[PDB]
Protein chains: 2
Amino acid sequence: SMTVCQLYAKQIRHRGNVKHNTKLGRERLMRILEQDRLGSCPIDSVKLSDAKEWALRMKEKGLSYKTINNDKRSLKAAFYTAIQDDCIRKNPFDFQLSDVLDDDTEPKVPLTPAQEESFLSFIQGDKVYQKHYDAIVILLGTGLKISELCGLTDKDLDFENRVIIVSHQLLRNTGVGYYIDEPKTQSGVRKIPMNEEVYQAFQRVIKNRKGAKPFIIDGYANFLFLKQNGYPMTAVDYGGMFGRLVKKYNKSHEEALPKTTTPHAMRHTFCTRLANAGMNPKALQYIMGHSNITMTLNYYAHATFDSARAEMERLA
Amino acid sequence: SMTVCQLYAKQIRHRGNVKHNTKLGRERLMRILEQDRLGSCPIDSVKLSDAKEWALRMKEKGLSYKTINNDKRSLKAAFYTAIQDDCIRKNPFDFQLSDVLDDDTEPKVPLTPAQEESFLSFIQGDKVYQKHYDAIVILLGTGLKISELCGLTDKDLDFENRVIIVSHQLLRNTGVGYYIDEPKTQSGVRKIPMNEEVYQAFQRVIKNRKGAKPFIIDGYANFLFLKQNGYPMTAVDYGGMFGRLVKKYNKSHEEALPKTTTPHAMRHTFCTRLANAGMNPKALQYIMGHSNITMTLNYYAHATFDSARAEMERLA
DNA sequence: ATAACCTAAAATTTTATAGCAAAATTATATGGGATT
DNA sequence: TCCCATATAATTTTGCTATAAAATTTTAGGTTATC
């Protein structure tokens, strides 16, 4: 625990009950510390300027603002543990990154209703990506995360009541392969109603499903969305497909789609479209699956005096 | 700072830039420590068990649950600074008060629309409180805090646009007397529109204003709402008037008003009535002048799967 | 002749917060004054 | 008894920022299917 690499390594051991993607993210930061001059510095000599100069080298290395901010929080928790053990006194990472680096992050812009209909029309007619038409319709109409969509099976659907039961996700990583992840409490389980377009999409998925290879993981089988090899789709498989789909859309249309048109942009467009329509915020929170209500309110536009004037006159 | 009273006294001297009401509240807690055995104990001799026995003595003293929880927080921050500087390792106040004592908080039930009409009808038809009719109509139609209403002057009204510019408040305390409080940044300044009832209420206030004694403070003059002595109203003057008004109302009406029918209850009724009507939460946050949006979302009812399904089908 | 899929690897984004008191509002004891 | 004002006391309302996990997306290198 003397050096920063030894301090962060001891932090991983103290808090080890983590998921697989967390282990990959921690090792990513460990490789950063080992390749950086800060990794070999004794923790009792890391000053406030040393931590700020680390963020400068991270931005010069090429890392985005949110990455340096997330890695700083990981390092701040490590030094906070050393303060509890009286190894040091002050935390060198107790500063604002905005005072050292400028947040040059492109804001994620959702799809307008005009772009949303032009996008689905191109997908339905294209002979290469029409097989993904139903999934993108379901994503735009439910706000499901990409791994939640990949984890949907026949037992997760209630066609008698037109309700989607979101209770798990289907993840895949190098080495471990597929694995099912479920929330610890029932708060992570939510039910989403299906509209007419979403209902017709699920029926066309089941009626046109073929070539499914044997695949049972944690009692889950008969997945709805499969790859060309008969095995269920994953987040990486959808992300790569969206890259080729948007690039092909831009070549056939004069106005190009936003550069951030990813599977999560369907979730961002879903929450924004319902928020602009005046949906109940806590009801929209349940459909989205957010832990707190402040996270859902980020999708509501900033209110001014003129907007609140006509809004109060609307309910007078 | 070796004893609890000396530690909390050093905590007051550290963060001195406070308001007069804060100095009264800190003195109210200092008298609590001086009149309790846990005030003269050394900081290195107080464990977590001594904090639980102290909270039980405050509950036996008759203090409210929120009162003890707020005072236990001031003591928690007093020992938090002690751990950073003085010889201290563990904080004896790092515990949840709900485990020691129960919460006897009474729910603040808002006013139903039928009660408000009957409440405003009694005020108009009463020869003693009819002079306060226009003030209460404004509170229910704008949601102003009671000290934001007392600070309203002629220059704060824009009858050309029917806008209430809320930029300050008028407070009074024993010794200091009247004093104007202004926010630090422009975020604390809000603009509230006037409806037909609020507009006609402000017109009757100015047209019937008489007996205003000379009163200029921090450039503010010509206050709208005055006492019978010619000086502007305060929160205590409206609070005591409401207590006598509600008591007289319950003598003549069968369905008695809630025990918490206070000037703030008018603000609570204003916010809850707009949230139930489907108002934009960020537009409601601006009219209320809240810092964060979590407080505004508390007025929205908890959503279930049935309520969320109805909202999705309403916007499908 | 070019995408179109697949996967290990690398990068980025999404997700997630009470409470480490200030500072307001309201109730009460008290007394002089106006009503029933 | 009720109104009013006020010092005192009690109670309620209010305010700021994440002491990272765990997802999703992009990319380099390669093979395979369709323009």
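Residues numbered from 1 in each chain as written, not as in the entry; some residues may be left out. Chains lettered and ligands numbered in written order. Heavy atoms only, no water. Residues with missing side-chain atoms left out of burial classes, pairs and counts.

- For this deposition, the record names X-ray crystallography as the technique by which the model was determined and cites 2.7900 Å as its resolution.

- Per the PDB entry, chain A goes by the name Int protein and belongs to Enterococcus faecalis.
- A UniProt comment under Sequence similarities (unreviewed entry) is attached to chain A, and it reads "Belongs to the 'phage' integrase family." (UniProt positions renumbered as here; feature names shortened; annotations may be inferred.)

## Let's talk about the overall build of chain A
Here's step 1: Within chain A, the secondary structure is distributed over 13 helices and 5 strands.
Here's step 2: C-alpha extents for chain A along the principal axes are approximately 65 × 60 × 45 Å. (Helix = DSSP H or I, 4+ residues; strand = E, 2+ residues; numbered from the N terminus.)

## Considering the relation of the copies chain A and chain B
One copy of the chain maps onto the second through a rotation around an axis plus a translation along that axis.
Here's step 1: For these two chains of identical sequence, chain A goes onto chain B by a turn of 177 degrees and a shift of 0.0 Å along the axis, with RMSD 0.5 Å. Such a combination of turn and shift is consistent with a two-fold rotation axis. Ranked by how close their C-alpha atoms come to the rotation axis, the residues of chain A are headed by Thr 294 of chain A, at 2.9 Å.
Here's step 2: Same-surface contact between copies: 97% of interface residues of chain A are shared with the interface of chain B. (Least-squares fit on C-alpha atoms. Contact = heavy atoms within 4.5 Å.)

## Things to note about the pattern of salt bridges
All names here are of chain B.
Here's step 1: For the structure shown, the criterion picks out 23 salt bridges over all chains.
Here's step 2: With its nearest N and O atoms 3.1 Å apart, the salt bridge here joins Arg 31 to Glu 27. Of this pair, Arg 31 and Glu 27 both sit in helix 2 (residues 20-34), 4 residues apart, roughly one helical turn.
Here's step 3: As a salt-bridge pair, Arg 162 and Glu 196 come within 3.4 Å of each other at their nearest N and O atoms. Note that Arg 162 is positioned in the loop between strand 1 (157-158) and strand 2 (163-166) and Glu 196 in helix 8 (residues 196-207), a separation of 34 residues in sequence.
Here's step 4: Judged by its relative accessible area of 30%, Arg 162 is partly exposed. (Salt bridge = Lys/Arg side-chain N within 4 Å of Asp/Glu carboxyl O. Buried < 20%, exposed > 50% of the residue type's maximum accessible area, 1.4 Å probe, protein only.)

## Things to note about the protein's contact with DNA strand C
Here's step 1: Near DNA strand C, the surroundings consist of 54 residues, among which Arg 267 of chain A together with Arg 26, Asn 70, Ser 147 and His 264 of chain B are the closest.
Here's step 2: A distance of 2.5 Å separates a phosphate oxygen of DNA strand C from a polar atom in the side chain of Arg 26 of chain B.
Here's step 3: Within the contact set of DNA strand C, a base nitrogen lies 2.4 Å away from a side-chain nitrogen or oxygen of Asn 70 of chain B.
Here's step 4: The element best represented in the surface near DNA strand C is helix 4 (residues 65-84) of chain B, accounting for 6 residues.
Here's step 5: For the surface near DNA strand C, a count of residues per class yields 13 nonpolar, 21 polar and 20 charged. (Near = heavy atom within 4 Å. Polar contact = N/O pair within 3.5 Å; in protein donor to acceptor, adjacent residues only side chain to side chain. Nonpolar A, V, L, I, M, F, W, Y, C, P; charged D, E, K, R; others polar.)

## Let's talk about the sheet that holds strand 1 of chain B
Here's step 1: Taken in spatial order, the 3 strands of this open sheet run 1-2-5 (chain B), and their pairing is antiparallel. Looking at which strands have only one partner, the edges of the open sheet turn out to be strand 1 and strand 5 (190-193) of chain B.
Here's step 2: In the sheet, strand 2 of chain B pairs with strand 5 of chain B via 4 bridges, with the strands oriented antiparallel. Paired with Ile 165 of chain B across the strands is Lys 191 of chain B, a residue of strand 5 of chain B.
Here's step 3: Sitting on the sheet, helix 13 (residues 305-314) of chain A touches strand 2 and strand 5 of chain B, and the angle it makes with strand 5 of chain B is about 25 degrees. (Pairing = 2+ DSSP bridges. Axes fitted to C-alpha atoms, helices over the stretch in contact; angles between N-to-C directions.)

## What to know about the interface of chain A and chain B
Here's step 1: With 30 residues of chain A in contact, the opposing surface of chain B contributes 32 residues.
Here's step 2: Together, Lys 282, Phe 305 and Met 312 of chain A form the three largest contributors to the area buried by chain A at its contact with chain B, with a combined 24%.
Here's step 3: At the boundary of chain A and chain B, one finds 8 residue pairs in polar contact.
Here's step 4: Listing elements by their share of the side of chain A that touches chain B, those giving two or more residues are strand 5 (190-193), helix 10 (263-276), helix 11 (281-288), helix 12 (293-297) and helix 13 of chain A.
Here's step 5: Of the residues forming the side of chain A that touches chain B, the biggest block, 6 residues, is contributed by helix 13 of chain A.
Here's step 6: Taken together, the residues of the side of chain A that touches chain B break down into 19 nonpolar, 6 polar and 5 charged. (Buried area = accessible area lost by both parts, 1.4 Å probe.)

## Description of the domain arrangement of chain A
Residues and elements named next belong to chain A.
Here's step 1: Along its sequence, chain A is organised into domain 1 (1-104) and domain 2 (105-316).
Here's step 2: Between domain 1 and domain 2, the C-alpha centre-to-centre distance is 34 Å.
Here's step 3: Contacts between the two partners involve 7 residues from domain 1 and, on the opposite side, 9 residues from domain 2.
Here's step 4: Regarding the contact of domain 1 and domain 2, the summed buried area is about 520 Å², with carbon and sulfur atoms giving 36% of it.
Here's step 5: When residues of domain 1 are sorted by the area they lose upon contact with domain 2, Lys 19, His 20 and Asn 21 head the list and together hold 66% of the total.
Here's step 6: For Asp 181, the salt bridge identified is with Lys 19, shortest N-O distance 3.2 Å. (Domains from an automatic or database assignment.)

## A short note on helix 13 (residues 305-314) of chain B
Here's step 1: Among the residues of helix 13 of chain B, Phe 305, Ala 308, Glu 311 and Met 312 of chain B are the ones counted as buried. Projection of helix 13 of chain B onto a plane perpendicular to its axis shows the buried side chains occupying an angular sector of 125 degrees, all on one side. Along helix 13 of chain B, exposed side chains directed more than 90 degrees from the buried face belong to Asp 306 and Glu 313 of chain B.
Here's step 2: Residues of helix 13 of chain B that are buried sit in contact with strand 2 (163-166), strand 5, helix 10 and helix 11 of chain A. (Arc of directions from axis to C-beta.)

## Remarks on the protein's contact with DNA strand D
Here's step 1: Near DNA strand D lie 55 residues; those nearest to it are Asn 21, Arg 26, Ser 147 and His 264 of chain A together with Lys 227 of chain B.
Here's step 2: Close to the protein, within 4 Å, the atoms of DNA strand D are drawn from sugar and phosphate at a rate of 68%.
Here's step 3: Separating a base nitrogen of DNA strand D from a side-chain N or O atom of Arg 73 of chain B is a distance of 2.9 Å.
Here's step 4: Taking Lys 131 of chain B, its side chain carries an N or O atom lying 3.2 Å from a phosphate oxygen of DNA strand D.
Here's step 5: Among the elements that line the surface near DNA strand D, the one with the most residues is helix 4 (residues 65-84) of chain A, at 7 residues.
Here's step 6: Classifying every residue of the surface near DNA strand D by side-chain character gives 13 nonpolar, 20 polar and 22 charged.

## Considering the pairing of strand 4 (residues 177-181) of chain B
Residues and elements named next belong to chain B.
Here's step 1: For strand 4, the tally of buried residues reaches 5 of 5 residues, placing the bulk of the element in the interior.
Here's step 2: Examined bridge by bridge, strand 3 (residues 169-173) and strand 4 share 5 bridges and lie antiparallel to one another. Residue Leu 170 lies in a different strand from strand 4, and its bridge partner there is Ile 180.
Here's step 3: The hairpin formed by strand 3 and strand 4 contains 3 residues between the paired strands, and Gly 175 there has a positive phi angle of roughly 100 degrees.

## Observations concerning the packing of aromatic side chains
Here's step 1: Within this structure, the stated rule accounts for 18 aromatic pairs over all chains.
Here's step 2: A centroid spacing of 4.8 Å and a plane angle of 80 degrees characterise the contact between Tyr 178 of chain A and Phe 215 of chain A, whose relative ring orientation is edge-to-face. Within this pair, whereas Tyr 178 of chain A is found in strand 4 (residues 177-181), its partner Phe 215 of chain A is found in the loop between helix 8 (196-207) and helix 9 (235-252), the two being separated by 37 residues in sequence.
Here's step 3: Exposure remark for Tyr 178 of chain A: the relative accessible area of 16% places this residue in the buried category.
Here's step 4: Look at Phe 119 of chain B and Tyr 249 of chain B: their rings are 5.9 Å apart centre to centre, the planes differ by 85 degrees, and that puts the pair in the edge-to-face class. Taken together, the residues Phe 119 of chain B in helix 5 (residues 113-124) and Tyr 249 of chain B in helix 9 (residues 235-252) connect sequence positions 130 residues apart. Each member of the pair, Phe 119 of chain B together with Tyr 249 of chain B, is buried. (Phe/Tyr/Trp six-rings, centres within 6.5 Å; stacked < 30°, edge-to-face > 60°.)

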